[PDB]
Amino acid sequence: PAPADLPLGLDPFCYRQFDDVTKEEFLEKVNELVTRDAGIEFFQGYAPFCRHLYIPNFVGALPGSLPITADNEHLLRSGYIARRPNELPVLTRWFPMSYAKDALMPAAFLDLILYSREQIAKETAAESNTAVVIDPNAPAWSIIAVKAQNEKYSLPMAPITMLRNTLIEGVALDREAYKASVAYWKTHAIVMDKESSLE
């Protein structure tokens, strides 16, 4: 990607739906860091509309995930969680935020998850119940989510999520993608600001 599909935007709307220095100020340094270092590169996530770019964690964010070791295993908590009201809740495990804050070191990178203008337009239309409108002035690509992490590559989506995606309300399961996600999530867990699952 060059000046044609640059600089990057940050969709405020589609961004508010993906999250548990101001927006403008943050966007300014991303685009700067991108023009500089003509070596930073984009990696296709999975869909032709999802792309990732990895930059240094200039905001000091803690990682959203950490390794499970024999010594910290007892800190895990688990429970049935629905990311949003219409989703069926699913068994999930995590390390509490309080532990991550006192243990962890500022993640090495920020994984910027980018969506195409067209995809943002389609998803904003569905969520908003408005028309699918594409502004040719709008950036070709925009940041919809940021994940702090030490690995310079996309981490697999949770296993349960892959199964969730096969439910009618509608496609077959990629069994190898599933095996791979399990391999990773067997020995790592997300961070969540929740000390207990009991209600």
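Don't overthink the numbering: it's just position in the shown sequence, from 1.
Colleague: Between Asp20 and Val21, determine how many residues of the deposited chain lack coordinates; answer none if the chain runs continuously, otherwise 1 to 3, 4 to 9, or 10 or more.
Modeller: The entry has 10 or more unmodelled residues between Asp20 and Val21.
Colleague: Quick one: say whether 100 to 108 or 75 to 83 has the higher mean Cα B-factor in the deposited entry.
Modeller: Higher of the two, by average CA B-factor, is 100 to 108.
Colleague: Should the higher mean CA B-factor in the entry be assigned to 177 to 185 or to 10 to 18?
Modeller: For C-alpha atoms only, the mean B-factor is higher in 10 to 18.
Colleague: Highest Cα B-factor in the PDB entry belongs to which of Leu66, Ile144, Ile168, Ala131?
Modeller: Of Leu66, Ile144, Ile168, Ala131, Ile168 has the highest C-alpha B-factor.
Colleague: Per the PDB entry, which option out of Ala61, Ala70, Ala38, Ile160 has the greatest Cα B factor?
Modeller: By C-alpha B-factor in the record, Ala38 ranks first.
Colleague: Select lowest, middle or highest to describe the third in which the CA B-factor of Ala140 falls within its chain in this entry.
Modeller: Its C-alpha B-factor, which the entry lists for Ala140, ranks in the middle third among residues of this chain.
Colleague: Among all modelled residues of this chain, ranked by Cα B factor, put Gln149 in the bottom, middle or top third, i.e. lowest, middle or highest.
Modeller: Its C-alpha B-factor belongs to the lowest third of this chain's values.
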